[PDB]
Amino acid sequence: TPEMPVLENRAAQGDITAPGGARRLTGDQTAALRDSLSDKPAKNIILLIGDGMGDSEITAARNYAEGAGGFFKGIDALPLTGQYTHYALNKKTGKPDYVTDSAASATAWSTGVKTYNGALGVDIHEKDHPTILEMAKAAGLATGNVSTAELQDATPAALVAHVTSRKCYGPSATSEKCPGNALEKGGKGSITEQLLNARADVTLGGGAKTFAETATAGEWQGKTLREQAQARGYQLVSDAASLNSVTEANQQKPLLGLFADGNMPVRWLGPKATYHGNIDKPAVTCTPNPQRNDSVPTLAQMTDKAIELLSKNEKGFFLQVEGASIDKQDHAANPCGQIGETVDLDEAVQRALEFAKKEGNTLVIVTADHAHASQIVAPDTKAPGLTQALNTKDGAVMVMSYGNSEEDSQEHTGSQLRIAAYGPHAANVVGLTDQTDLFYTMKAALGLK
């Protein structure tokens, strides 16, 4: 019994050139929205973050993959929607820094405190604040942490580690960039060491590389972090078959999936955007990346297995899933990698909704940490930045532009962006809210102290 409805189909209902044909609605939505409102407790929370997936990115991706009048069966199917602010702070002044990085933002929703760009799980005075994940676990809930990036990257790291700089991946960088956190200096350790201490039930992503580092102190000095993980009782999996093999994941036997040395392979290949690329160069059709792999689980497969594993815990679970590479390909000004990552996220959202619809007590939230550079501009545009023309599903040309930096990497932007949710407590994302409100929304939905 699907008590709470998801939006089944908001594509254009007919011929886009005729009166009414471009409509996404088929009648009045009052009753359906009323039906979507419940203040019942949530047993579970599934948080889905598209890194750098602002409104522009969602739009670009839908145009390409589904057509202008198409509809993301995952992404767009959430019925309660609003916009949220993600500004960070200046460490020195305490004033807003209008354009956050991935670390400050993730700290925001995972602790409820704003912070400076580059920080993870600490405020501007460098104090540690518990994360929603540490809280959930303290409360007896099963916990999951899933990303396509290296596990040390800002997004997934924010839930498990509190370091003064997001660069502090392992022992080596930590000694140098985060002296105060360094193990050998009496600190809590590097991001990777804290991730191992945090012990979520399920952790799946890339970044095996840093696991080859050896600890500088403590019980496992001299051994590699990979070796400490095994010594600590973690089940290590490194390919989709092994992941599929897992039947249990808990505090006694927690799961650690390391599927790449660095970030996981992107879904789609395309050339990088160029100066006047839309005028000089022919239109691009994105193509599947041969290195993607059958041996490499996709995001939706990771999401599906975590939910399976976590759903066995009777008090409920907290799960965050990251579509990491949307931001990474947006910095690289690679349309194809970018949109291909958003499609990949949409598949993961679909798995989360199928579960929640059935369960009836699951709040699913889909948003981004911040906005990014990409823009959709007219086909004959002559822009100072990098552009590329792409052939969409509609059989038309869309041009994408990246013109926010002369430097090599395209930059984040400060615009407020879409947050959407489904399930109990979802009402709290409607309207204008702040990214820190999301921590409180989650805490409250879960009934956490």
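From 1 onward, residues are counted along the sequence shown.
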Between the two ranges 111-119 and 247-255, the one averaging a larger CA B factor in the entry: 247-255
The stretch carrying the higher mean Cα B factor in the deposited entry, 3-11 or 439-447, is 3-11
Per the entry, which of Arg166, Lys328, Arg351, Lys92 tops the list for Cα B factor? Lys92
Per the PDB entry, maximal CA B factor within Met398, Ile45, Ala420, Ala32: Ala32
Relative to the other modelled residues in the chain, which third contains the C-alpha temperature factor of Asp28: lowest, middle or highest? middle
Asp394, C-alpha B-factor rank within chain (lowest, middle or highest third): middle
For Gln410, does the deposited CA B-factor place it in the lowest, middle or highest third of the chain? highest
What third of its chain's C-alpha B-factors does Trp268 belong to: lowest, middle or highest? middle
Sorting by Cα B-factor within the chain, modelled residues only, which third would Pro19 end up in: lowest, middle or highest? highest
